[PDB]
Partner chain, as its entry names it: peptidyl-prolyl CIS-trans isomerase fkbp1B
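Next up is one chain by itself, shown in structure tokens, the form solved without its partner chain.
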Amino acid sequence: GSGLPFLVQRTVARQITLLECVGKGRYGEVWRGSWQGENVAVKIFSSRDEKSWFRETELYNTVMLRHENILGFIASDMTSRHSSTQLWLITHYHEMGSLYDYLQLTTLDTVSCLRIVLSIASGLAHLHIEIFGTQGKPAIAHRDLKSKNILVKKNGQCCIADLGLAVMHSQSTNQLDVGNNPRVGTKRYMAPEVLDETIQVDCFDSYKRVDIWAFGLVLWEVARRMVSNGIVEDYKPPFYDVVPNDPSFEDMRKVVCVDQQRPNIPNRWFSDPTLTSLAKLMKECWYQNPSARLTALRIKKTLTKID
């Protein structure tokens, strides 16, 4: 699969030392660990998210998922630390952390903004594309794409993380694993058809289009932090002004379904050719009609032409 052979995976988990706790949330904890003096990221799952640990483990072990813009899987184990049994996911360590946190610490210029959003689009296209053959992969929809689930590399590229809610489709299998309620991700980023539960739960391409909606929101988050003529916006989450923290489903439905509202475009973006192009791009990710939204490959192409 994507990481070490399973025999090595078990020995690796035992050979890891946990050094520093860099993240904690409802998902559990993330640690900087060390394997033979090399940094690794270790996510220790909460009981609430144990099923996501299992789903992500089986995905990465059974699908060859190696791509510069997807978080690099190393191993998964149910191991003991300090006499407690724990669910570990071990990946490449990205010292910069999440795009969410990174955007609050610094600003971007044209080159670094485009590098971020193109690398996300490239990772998303690779997830979404079904590749046939013995070394191919099922199509994968992420279902919780957002800035907290994107990591930043030292070179300014990003990679998409956290495949615990992902759904997969092969020409072979017919029954998607939609898993009952479609409202599984983060409410602030949910597409209208998820919020109002009209999404065709049996149609795999419906889930790709939900990802595209969320990507447009991430594009907006990032573009706010690109400086033009010494001007930048502060970091804010999508819809931060029109809904409260931890917004309810009903909060989101009124904004996105009834009123058909979208994040506001700052006026100054139309003084800059890159931000003007990005504004147009994100609007093509947010159409109410899911089938009108651009594909990840079309977004990737457009971003490549902007530079």
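Residue numbers count along the first chain shown, from 1.
Just so it is clear, the following notes concern the form solved in complex with its partner chain, a form of the same protein that is not shown.
A.B. asks: If we take heavy atoms and a 4.5 Å cut-off, which stretch out of 48-56, 258-266, 271-279, 234-242 is in contact with its partner chain in the entry with it bound?
C.D. replies: Only one stretch passes the 4.5 Å heavy-atom test: 48-56.
A.B. asks: Taking its partner chain as it sits in the entry with it bound, is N61 in contact with it (heavy atom to heavy atom, 4.5 Å or less)?
C.D. replies: Contact check for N61: yes, within 4.5 Å of its partner chain in the entry with it bound.
A.B. asks: Test of understanding: in the entry with it bound, would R14 fall inside 4.5 Å of its partner chain by heavy atoms?
C.D. replies: Result yes; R14 sits at the interface with its partner chain in the entry with it bound.
A.B. asks: Looking in the entry with it bound, any heavy atom of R10 within 4.5 Å of its partner chain?
C.D. replies: Residue-level check for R10: yes, a contact with its partner chain.
A.B. asks: So in the entry with it bound, is its partner chain close enough to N149 to count as touching (4.5 Å, heavy atoms)?
C.D. replies: Outside the cut-off, so no.
A.B. asks: So which of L105, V227, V111, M78 gets a non-hydrogen atom within 4.5 Å of its partner chain in the entry with it bound?
C.D. replies: Spelling it out, the residue with a heavy atom inside the cut-off is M78.
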